[PDB]
Amino acid sequence: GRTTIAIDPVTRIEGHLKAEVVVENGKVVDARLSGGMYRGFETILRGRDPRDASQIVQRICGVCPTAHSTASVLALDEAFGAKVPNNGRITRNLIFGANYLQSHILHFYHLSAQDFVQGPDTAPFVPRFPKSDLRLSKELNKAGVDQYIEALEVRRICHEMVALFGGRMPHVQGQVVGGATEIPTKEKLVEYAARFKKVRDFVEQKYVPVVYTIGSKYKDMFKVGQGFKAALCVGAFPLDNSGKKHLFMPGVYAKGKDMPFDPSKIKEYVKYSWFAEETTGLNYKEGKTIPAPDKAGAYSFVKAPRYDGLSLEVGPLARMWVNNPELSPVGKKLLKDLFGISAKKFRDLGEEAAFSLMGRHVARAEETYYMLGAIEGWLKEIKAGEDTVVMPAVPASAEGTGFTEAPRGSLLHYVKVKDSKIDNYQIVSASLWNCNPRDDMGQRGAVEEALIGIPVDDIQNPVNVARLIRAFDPXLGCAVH
Amino acid sequence: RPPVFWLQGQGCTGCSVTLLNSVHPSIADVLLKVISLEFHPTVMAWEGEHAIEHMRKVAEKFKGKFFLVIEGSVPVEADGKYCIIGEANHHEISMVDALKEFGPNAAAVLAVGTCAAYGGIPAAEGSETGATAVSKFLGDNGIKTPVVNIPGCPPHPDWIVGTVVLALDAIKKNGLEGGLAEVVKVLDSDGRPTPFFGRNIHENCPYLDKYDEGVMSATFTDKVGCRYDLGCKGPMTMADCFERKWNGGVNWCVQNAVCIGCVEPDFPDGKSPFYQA
Ligand code: SF4
Ligand code: SF4
Ligand code: SF4
Ligand code: FCO
Ligand SMILES: [Fe+2]
Ligand code: NI
Ligand SMILES: [S]
C-alpha cells in the first residue's frame, strides 16, 4: 500500500536537504524535510566587534550573501544610530538588486531547468532517472539547453554588476554600517548600465518567455503544490529615507485575507529540530541557539518559524502575491496566447494557479522582470560623486533589527550589543520559512505541506517530489545557518 | 576529461558560485572541455541515493585517478551528525564518513576555499561542531592522499581553475606520480600554490606610497589614502588580487573597501576586527 521514499541529497538546490515522503495510490500523503548541516553563526558571532557582522554573516550563503549583508547593515544602522546618506541607499539597492537578477536566473536555468529539459549526454547532465517525464519538443528542448548555456554568461555578468560598487562577489565588501563604501563614478555607472542592458535583453527575450512556454507544456503542474496558500513579505528596497516606501511592501496573506506584518508575532519552535527543548517558542529578540543533535524525535537543523501560529511561505510568489503588481507585457501576451487567460495583475492568475509548483517558477520570472524596472529607476536616481557613507562610532549598548527580502524570501537579523560587542545575534531567514519541519503542535512547514498531493505515478521514477521542492528555490545553508 | 567529485561539507556554496564566474575559460568550457564533473549536489541532473551510487561507480572505475574537491569544513563532533551529505538505502553518510571513503582513492584532494583548507568561519571562536580542515582530518585518520589548498573566502575562480589546470598539465607531462610530485613542489608552507599565493598584497598595493607617507583615509569613500586605519589586512595577506582583481577586473577589495585577509589560515579570528588596525 504505502511506500516511503527518502531522497538525500536533494540536488539542484543550495545546501543539504533530505526529503522523506510517504506515497499511497500515486500521491504523496505525508512529508518530512531534514536540514542536515549546521554551522551555528548565531553563536560564532557572539563577542565580536558588531561591524564584523556584515562580513561574517555573508558566509551563511554564497548564493545570497548580499541579502545577509543588507539585513545585517540595516540592523547595525539602527543599533549605531547611523543615517545612511541618500546616495548610499540607492547604491545599496544597485548592489543588492543586481544579485536578485543573478539568483533567479541561476535558479531557473542551472538548478530548475533540468526538471523539464534534457541536457547533453555528458556529466553533470547524465545519468538521471530513466523516466524523467521530459515533455518538450526537439526545438523547445534545444532552446532550453542553448539558454542554459547563455544564462551561464548572463549570471556571471550580473555578478560583475554587483562587484562594480560591491567590491567582489560572492561576499561583497561594499556594504557597511552607515551606507556604501564606494561612491559611484560616472564611468562605472556607464559600465553597470551597459551590462544591465545585456541582462535585461536576456530576461525579456529568453527567460520570461521560456518559463511560460515550458509551463504551457506542463499545465498539470499548476494544479498541485498549493500547501497552506499562506504568504509573508516583510518589505525590501527602501525607495526613500524615512523607511516608508519600499519596492516590496510588507504584508501577510492567509485564508483569503490580507493583513499587516507585525514582527512581534514571530516565534521559533524546536520540538522537531535538533536544539535544546528549553529554547522552544522564542521570538527572535529573545532567540537562543543551543544545538542538540541527539534529541529524540527531531529531524532537522532548521527551526520552525510561525507567524501568529501560522505556517507561511516566502519568496517571489509571496512578494508578487502580496504586492500584486502589474504583469510583464510578455507574461500577459503568453497567458493569452498559450493559456487562454486574460490577466493584468499578478493575482489575476488566481490563488490556486499562483500557489502551485509551476506558479512559483512563473512568479520568480515575473519578479525578475519587475526588478529590471526598479534597477532602471535607481540608475536614473543615483548621483555620481555624492557621498554614500557615514562613519558612526560603535555603541556600548544597543540593539537593532534589519528587515529585507532575500531572493528566496523574507529575511531578518537581530543584533544586541553589550560592552561594545555582540551579545546576541538572531537570524530568521527565507528558506527557514519555507523548508522547516513540524512545529511543536504538529503543523507542517510550508514545503512539507505543499508536498501533500504531489503525483508519484511511478515510485521507481518519483521525479515530482524534488520538482515541487525546487520550485521554492530552497537554500538550506540559509535555513540553518 | 578526468572525473571530479565535488563534496560539500560545512560550505556556503560560495566556492561553487565563484567557480561559475570563471572568465577564461568560461565555466561552460571547464565543464565540457576540461573536467568531467560527475558529482556535484548543486548542479547535477540526478539526486539522492542514485547520485551517491553514481559517484561510487565512477570512483571504483577510476580508483586512484579521480579528483576530489571539498567545499566547506568537516565537523567531527556528535559522531559527524553536524553534516549529513547523503543516504544510501537507509544508511546516512556524514561528511566524516564520505571523506574516509573517497579520500583514500583520489589522485588528489583539492581543498577549495578557506573553510576546507583551514577551517575558516565554521571553525571560528564560538563554534561547537568540531569543524576541521581537510588536511588535518585526513592526517588524523591516517589518509596520506595529497591535499592542495586553494583558499580564499571565496577563492578567485582563476585560483581554482588555474590550480586544476596546473595539476592536470603536470600529470600529462610526467604521468600521475611525477605530476603530483611536481604540484607539491609549488606549494607554500600552507599548501597554497605559489603562482597565485606567492606574493603579498601590501607589497604590491597601488596605495603603498600613501602608506609610506602616512596618508590614511578616515572614511571608506575617500579613495586617495591608504586603507590601513580602516582595517586593511593587506600587510598580512598573500594573494594576487591587486593584479588580477575581481569579477572580470571590475573591482577589488582594497579599492572598494578593505582587504580582510580571506586567504589566510587564521581567517577570520586572526583578521578581526575587520574595521580597525
Ligand atoms: S571558503 Fe568562504 S565562500 Fe567558500 S564555502 Fe567557506 S564560507 Fe563559503
Ligand atoms: S594597508 Fe592596505 S591599502 Fe594600505 S598600502 Fe597596504 S594593502 Fe594597500
Ligand atoms: S583583497 Fe584580501 S579579502 Fe579581498 S579577495 Fe584578496 S585576499 Fe581576500
Ligand atoms: N535568497 C536567499 Fe538565502 C535563503 N533562503 C537568505 O536569506
Ligand atoms: Fe536562526
Ligand atoms: Ni541562501
Ligand atoms: S542576495
# chains A, B, ... in the order shown; residues from 1 in each chain; ligands from 1
$ select_by_dssp --residues "range 90-266 of chain B" --states "alpha helix (DSSP H)" --output "VMD selection string"
chain B and resid 95 to 102 113 to 118 134 to 140 157 to 185 194 to 197 208 to 213 241 to 244 253 to 256
$ closest_atom_pairs --of "chain A" --to "ligand 3" --cutoff "10 Å" --atoms "only C-alpha atoms and all ligand atoms" --output "Markdown table"
| residue | atom | partner | partner_atom_place_in_ligand_line | distance |
| --- | --- | --- | --- | --- |
| A:167 | CA | ligand 3 | 4 (Fe) | 8.3 |
| A:168 | CA | ligand 3 | 4 (Fe) | 7.7 |
| A:169 | CA | ligand 3 | 5 (S) | 9.5 |
| A:170 | CA | ligand 3 | 5 (S) | 9.9 |
| A:171 | CA | ligand 3 | 5 (S) | 9.2 |
| A:172 | CA | ligand 3 | 4 (Fe) | 9.2 |
| A:173 | CA | ligand 3 | 4 (Fe) | 8.0 |
$ residues_near_ligand --ligand "ligand 1" --cutoff "6 Å" --atoms "only C-alpha atoms and all ligand atoms" --output "PyMOL selection string"
(chain A and resi 59+62) or (chain B and resi 11-15+71-72+113-115+152-154)
$ residues_near_ligand --ligand "ligand 6" --cutoff "6 Å" --atoms "only C-alpha atoms and all ligand atoms" --output "list in words"
residues 61, 63, 64, 475, 477 and 478 of chain A
$ residues_around --residues "residue 84 in chain B" --least-positions-apart "4" --cutoff "10 Å" --atoms "only C-alpha atoms" --output "number ranges by chain"
A: 8-9, 16-18, 34-38; B: 8-10, 75, 80, 92-98
$ write_last_selection --atoms "N, CA, C and O atoms" --output "PDB file, in the first residue's frame"
ATOM      1  N   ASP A   8      18.185  11.795  -0.332  1.00  0.00           N
ATOM      2  CA  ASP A   8      19.254  12.533   0.325  1.00  0.00           C
ATOM      3  C   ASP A   8      20.543  12.183  -0.422  1.00  0.00           C
ATOM      4  O   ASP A   8      20.965  11.031  -0.401  1.00  0.00           O
ATOM      5  N   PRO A   9      21.186  13.174  -1.074  1.00  0.00           N
ATOM      6  CA  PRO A   9      20.843  14.605  -1.097  1.00  0.00           C
ATOM      7  C   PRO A   9      19.775  14.973  -2.115  1.00  0.00           C
ATOM      8  O   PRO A   9      19.741  14.427  -3.217  1.00  0.00           O
ATOM      9  N   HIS A  16      22.260  21.220   2.090  1.00  0.00           N
ATOM     10  CA  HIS A  16      21.988  19.829   2.422  1.00  0.00           C
ATOM     11  C   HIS A  16      20.552  19.640   2.859  1.00  0.00           C
ATOM     12  O   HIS A  16      20.132  20.158   3.903  1.00  0.00           O
ATOM     13  N   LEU A  17      19.802  18.898   2.055  1.00  0.00           N
ATOM     14  CA  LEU A  17      18.393  18.645   2.356  1.00  0.00           C
ATOM     15  C   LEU A  17      18.080  17.188   2.082  1.00  0.00           C
ATOM     16  O   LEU A  17      18.474  16.644   1.045  1.00  0.00           O
ATOM     17  N   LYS A  18      17.408  16.555   3.037  1.00  0.00           N
ATOM     18  CA  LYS A  18      16.821  15.239   2.825  1.00  0.00           C
ATOM     19  C   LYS A  18      15.307  15.392   2.823  1.00  0.00           C
ATOM     20  O   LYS A  18      14.738  16.055   3.704  1.00  0.00           O
ATOM     21  N   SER A  34      14.424  17.395   6.088  1.00  0.00           N
ATOM     22  CA  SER A  34      15.530  17.472   7.041  1.00  0.00           C
ATOM     23  C   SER A  34      16.669  18.362   6.556  1.00  0.00           C
ATOM     24  O   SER A  34      17.286  18.077   5.528  1.00  0.00           O
ATOM     25  N   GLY A  35      16.974  19.416   7.308  1.00  0.00           N
ATOM     26  CA  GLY A  35      18.168  20.202   7.046  1.00  0.00           C
ATOM     27  C   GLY A  35      19.318  19.511   7.764  1.00  0.00           C
ATOM     28  O   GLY A  35      19.344  19.463   8.997  1.00  0.00           O
ATOM     29  N   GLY A  36      20.256  18.935   7.014  1.00  0.00           N
ATOM     30  CA  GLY A  36      21.245  18.076   7.636  1.00  0.00           C
ATOM     31  C   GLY A  36      22.628  18.654   7.886  1.00  0.00           C
ATOM     32  O   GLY A  36      23.565  17.907   8.209  1.00  0.00           O
ATOM     33  N   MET A  37      22.785  19.963   7.739  1.00  0.00           N
ATOM     34  CA  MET A  37      24.079  20.592   8.040  1.00  0.00           C
ATOM     35  C   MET A  37      23.895  21.848   8.886  1.00  0.00           C
ATOM     36  O   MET A  37      23.024  22.685   8.600  1.00  0.00           O
ATOM     37  N   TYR A  38      24.722  21.964   9.924  1.00  0.00           N
ATOM     38  CA  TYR A  38      24.653  23.066  10.880  1.00  0.00           C
ATOM     39  C   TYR A  38      26.037  23.675  11.074  1.00  0.00           C
ATOM     40  O   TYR A  38      27.030  22.947  11.185  1.00  0.00           O
TER      41      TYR A  38
ATOM     42  N   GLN B   8      30.306  18.815  -0.762  1.00  0.00           N
ATOM     43  CA  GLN B   8      30.112  19.968   0.094  1.00  0.00           C
ATOM     44  C   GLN B   8      29.948  19.494   1.548  1.00  0.00           C
ATOM     45  O   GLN B   8      29.109  18.639   1.847  1.00  0.00           O
ATOM     46  N   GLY B   9      30.786  20.014   2.439  1.00  0.00           N
ATOM     47  CA  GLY B   9      30.627  19.787   3.864  1.00  0.00           C
ATOM     48  C   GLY B   9      29.966  21.020   4.454  1.00  0.00           C
ATOM     49  O   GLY B   9      28.919  21.442   3.972  1.00  0.00           O
ATOM     50  N   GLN B  10      30.583  21.627   5.463  1.00  0.00           N
ATOM     51  CA  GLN B  10      30.049  22.882   6.022  1.00  0.00           C
ATOM     52  C   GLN B  10      30.427  24.075   5.122  1.00  0.00           C
ATOM     53  O   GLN B  10      31.228  24.947   5.502  1.00  0.00           O
ATOM     54  N   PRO B  75      32.874  18.622  10.093  1.00  0.00           N
ATOM     55  CA  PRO B  75      32.625  18.658  11.541  1.00  0.00           C
ATOM     56  C   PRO B  75      32.687  17.266  12.155  1.00  0.00           C
ATOM     57  O   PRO B  75      32.026  16.325  11.668  1.00  0.00           O
ATOM     58  N   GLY B  80      29.739  13.107  13.775  1.00  0.00           N
ATOM     59  CA  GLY B  80      29.672  13.576  12.400  1.00  0.00           C
ATOM     60  C   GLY B  80      28.316  14.124  11.988  1.00  0.00           C
ATOM     61  O   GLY B  80      28.129  14.536  10.828  1.00  0.00           O
ATOM     62  N   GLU B  92      22.796   6.615   6.504  1.00  0.00           N
ATOM     63  CA  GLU B  92      23.212   8.011   6.451  1.00  0.00           C
ATOM     64  C   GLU B  92      24.711   8.120   6.192  1.00  0.00           C
ATOM     65  O   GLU B  92      25.514   7.356   6.742  1.00  0.00           O
ATOM     66  N   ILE B  93      25.095   9.079   5.359  1.00  0.00           N
ATOM     67  CA  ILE B  93      26.511   9.296   5.088  1.00  0.00           C
ATOM     68  C   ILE B  93      26.924  10.696   5.541  1.00  0.00           C
ATOM     69  O   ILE B  93      26.540  11.693   4.940  1.00  0.00           O
ATOM     70  N   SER B  94      27.704  10.771   6.608  1.00  0.00           N
ATOM     71  CA  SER B  94      28.187  12.065   7.071  1.00  0.00           C
ATOM     72  C   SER B  94      29.383  12.513   6.222  1.00  0.00           C
ATOM     73  O   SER B  94      29.979  11.711   5.503  1.00  0.00           O
ATOM     74  N   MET B  95      29.724  13.797   6.304  1.00  0.00           N
ATOM     75  CA  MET B  95      30.931  14.296   5.651  1.00  0.00           C
ATOM     76  C   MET B  95      32.165  13.524   6.146  1.00  0.00           C
ATOM     77  O   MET B  95      33.035  13.159   5.356  1.00  0.00           O
ATOM     78  N   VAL B  96      32.224  13.276   7.452  1.00  0.00           N
ATOM     79  CA  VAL B  96      33.300  12.483   8.028  1.00  0.00           C
ATOM     80  C   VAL B  96      33.412  11.129   7.323  1.00  0.00           C
ATOM     81  O   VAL B  96      34.499  10.721   6.917  1.00  0.00           O
ATOM     82  N   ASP B  97      32.283  10.451   7.145  1.00  0.00           N
ATOM     83  CA  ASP B  97      32.316   9.136   6.526  1.00  0.00           C
ATOM     84  C   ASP B  97      32.604   9.203   5.031  1.00  0.00           C
ATOM     85  O   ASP B  97      33.294   8.335   4.506  1.00  0.00           O
ATOM     86  N   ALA B  98      32.098  10.228   4.348  1.00  0.00           N
ATOM     87  CA  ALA B  98      32.363  10.355   2.907  1.00  0.00           C
ATOM     88  C   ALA B  98      33.848  10.609   2.628  1.00  0.00           C
ATOM     89  O   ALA B  98      34.432  10.028   1.707  1.00  0.00           O
TER      90      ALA B  98
END
$ residues_near_ligand --ligand "ligand 4" --cutoff "8 Å" --atoms "only C-alpha atoms and all ligand atoms" --output "VMD selection string"
chain A and resid 61 63 to 65 67 to 68 103 405 to 412 428 to 432 473 to 479
$ write_last_selection --atoms "N, CA and C atoms" --output "PDB file, in the first residue's frame"
ATOM      1  N   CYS A  61      25.818  32.028   3.213  1.00  0.00           N
ATOM      2  CA  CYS A  61      25.340  31.586   1.910  1.00  0.00           C
ATOM      3  C   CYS A  61      26.036  32.351   0.788  1.00  0.00           C
ATOM      4  N   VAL A  63      25.350  32.094  -2.396  1.00  0.00           N
ATOM      5  CA  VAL A  63      24.387  32.377  -3.453  1.00  0.00           C
ATOM      6  C   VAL A  63      23.621  33.660  -3.123  1.00  0.00           C
ATOM      7  N   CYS A  64      23.197  33.801  -1.872  1.00  0.00           N
ATOM      8  CA  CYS A  64      22.514  35.012  -1.450  1.00  0.00           C
ATOM      9  C   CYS A  64      23.264  35.880  -0.399  1.00  0.00           C
ATOM     10  N   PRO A  65      24.576  36.130  -0.575  1.00  0.00           N
ATOM     11  CA  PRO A  65      25.244  36.867   0.513  1.00  0.00           C
ATOM     12  C   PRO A  65      24.820  38.330   0.626  1.00  0.00           C
ATOM     13  N   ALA A  67      21.982  39.512   0.455  1.00  0.00           N
ATOM     14  CA  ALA A  67      20.806  39.547   1.320  1.00  0.00           C
ATOM     15  C   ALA A  67      21.172  39.657   2.816  1.00  0.00           C
ATOM     16  N   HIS A  68      22.093  38.815   3.262  1.00  0.00           N
ATOM     17  CA  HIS A  68      22.513  38.847   4.655  1.00  0.00           C
ATOM     18  C   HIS A  68      23.320  40.105   4.948  1.00  0.00           C
ATOM     19  N   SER A 103      20.519  35.519  -9.000  1.00  0.00           N
ATOM     20  CA  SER A 103      19.988  34.398  -8.235  1.00  0.00           C
ATOM     21  C   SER A 103      18.763  33.760  -8.901  1.00  0.00           C
ATOM     22  N   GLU A 405      14.139  41.493   1.980  1.00  0.00           N
ATOM     23  CA  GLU A 405      13.730  40.305   1.258  1.00  0.00           C
ATOM     24  C   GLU A 405      14.896  39.758   0.454  1.00  0.00           C
ATOM     25  N   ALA A 406      15.374  38.586   0.867  1.00  0.00           N
ATOM     26  CA  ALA A 406      16.313  37.801   0.073  1.00  0.00           C
ATOM     27  C   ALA A 406      15.573  37.321  -1.175  1.00  0.00           C
ATOM     28  N   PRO A 407      16.318  36.976  -2.240  1.00  0.00           N
ATOM     29  CA  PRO A 407      15.702  36.397  -3.447  1.00  0.00           C
ATOM     30  C   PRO A 407      14.766  35.222  -3.153  1.00  0.00           C
ATOM     31  N   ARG A 408      15.051  34.472  -2.097  1.00  0.00           N
ATOM     32  CA  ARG A 408      14.213  33.336  -1.713  1.00  0.00           C
ATOM     33  C   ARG A 408      13.111  33.658  -0.703  1.00  0.00           C
ATOM     34  N   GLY A 409      13.127  34.863  -0.137  1.00  0.00           N
ATOM     35  CA  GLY A 409      12.044  35.262   0.749  1.00  0.00           C
ATOM     36  C   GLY A 409      12.468  36.140   1.898  1.00  0.00           C
ATOM     37  N   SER A 410      11.606  36.242   2.902  1.00  0.00           N
ATOM     38  CA  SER A 410      11.791  37.210   3.978  1.00  0.00           C
ATOM     39  C   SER A 410      13.026  36.925   4.813  1.00  0.00           C
ATOM     40  N   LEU A 411      13.755  37.980   5.159  1.00  0.00           N
ATOM     41  CA  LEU A 411      14.950  37.820   5.970  1.00  0.00           C
ATOM     42  C   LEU A 411      15.008  38.888   7.046  1.00  0.00           C
ATOM     43  N   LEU A 412      15.291  38.480   8.280  1.00  0.00           N
ATOM     44  CA  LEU A 412      15.634  39.461   9.299  1.00  0.00           C
ATOM     45  C   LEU A 412      16.837  39.041  10.127  1.00  0.00           C
ATOM     46  N   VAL A 428      16.550  35.059  11.153  1.00  0.00           N
ATOM     47  CA  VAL A 428      15.337  34.384  10.719  1.00  0.00           C
ATOM     48  C   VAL A 428      15.273  34.561   9.207  1.00  0.00           C
ATOM     49  N   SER A 429      15.614  33.502   8.477  1.00  0.00           N
ATOM     50  CA  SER A 429      15.890  33.590   7.041  1.00  0.00           C
ATOM     51  C   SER A 429      14.774  33.054   6.149  1.00  0.00           C
ATOM     52  N   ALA A 430      14.929  33.274   4.849  1.00  0.00           N
ATOM     53  CA  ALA A 430      13.918  32.919   3.862  1.00  0.00           C
ATOM     54  C   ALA A 430      13.579  31.435   3.851  1.00  0.00           C
ATOM     55  N   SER A 431      14.576  30.585   3.597  1.00  0.00           N
ATOM     56  CA  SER A 431      14.308  29.149   3.495  1.00  0.00           C
ATOM     57  C   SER A 431      14.002  28.512   4.853  1.00  0.00           C
ATOM     58  N   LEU A 432      14.312  29.231   5.926  1.00  0.00           N
ATOM     59  CA  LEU A 432      13.782  28.878   7.242  1.00  0.00           C
ATOM     60  C   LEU A 432      12.242  28.876   7.207  1.00  0.00           C
ATOM     61  N   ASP A 473      12.920  27.130  -4.572  1.00  0.00           N
ATOM     62  CA  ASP A 473      14.307  27.602  -4.570  1.00  0.00           C
ATOM     63  C   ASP A 473      14.948  27.438  -3.169  1.00  0.00           C
ATOM     64  N   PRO A 474      14.927  26.205  -2.616  1.00  0.00           N
ATOM     65  CA  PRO A 474      15.387  26.034  -1.230  1.00  0.00           C
ATOM     66  C   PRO A 474      16.867  26.337  -1.057  1.00  0.00           C
ATOM     67  N   UNK A 475      17.214  26.878   0.102  1.00  0.00           N
ATOM     68  CA  UNK A 475      18.598  27.199   0.429  1.00  0.00           C
ATOM     69  C   UNK A 475      18.820  26.807   1.867  1.00  0.00           C
ATOM     70  N   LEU A 476      19.393  25.628   2.069  1.00  0.00           N
ATOM     71  CA  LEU A 476      19.474  25.061   3.408  1.00  0.00           C
ATOM     72  C   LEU A 476      20.617  25.654   4.238  1.00  0.00           C
ATOM     73  N   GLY A 477      21.624  26.208   3.562  1.00  0.00           N
ATOM     74  CA  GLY A 477      22.646  26.995   4.230  1.00  0.00           C
ATOM     75  C   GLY A 477      22.007  28.159   4.952  1.00  0.00           C
ATOM     76  N   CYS A 478      21.140  28.878   4.241  1.00  0.00           N
ATOM     77  CA  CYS A 478      20.343  29.939   4.844  1.00  0.00           C
ATOM     78  C   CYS A 478      19.365  29.439   5.897  1.00  0.00           C
ATOM     79  N   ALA A 479      18.710  28.309   5.641  1.00  0.00           N
ATOM     80  CA  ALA A 479      17.661  27.848   6.552  1.00  0.00           C
ATOM     81  C   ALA A 479      18.220  27.524   7.948  1.00  0.00           C
TER      82      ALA A 479
END
$ residues_around --residues "residue 156 in chain A" --least-positions-apart "5" --cutoff "12 Å" --atoms "only C-alpha atoms" --output "count of residues only"
34
$ residues_near_ligand --ligand "ligand 2" --cutoff "6 Å" --atoms "only C-alpha atoms and all ligand atoms" --output "VMD selection string"
chain B and resid 201 to 202 205 207 to 208 211 226 to 228 232 234 to 235 254
$ residues_around --residues "residue 141 in chain B" --least-positions-apart "4" --cutoff "12 Å" --atoms "only C-alpha atoms" --output "ChimeraX atom specification"
/B:76,96-97,99-101,103-104,134-137,145
$ closest_residue --among "B:31, B:193, B:45, B:105" --to "residue 118 in chain A" --atoms "only C-alpha atoms"
B:45
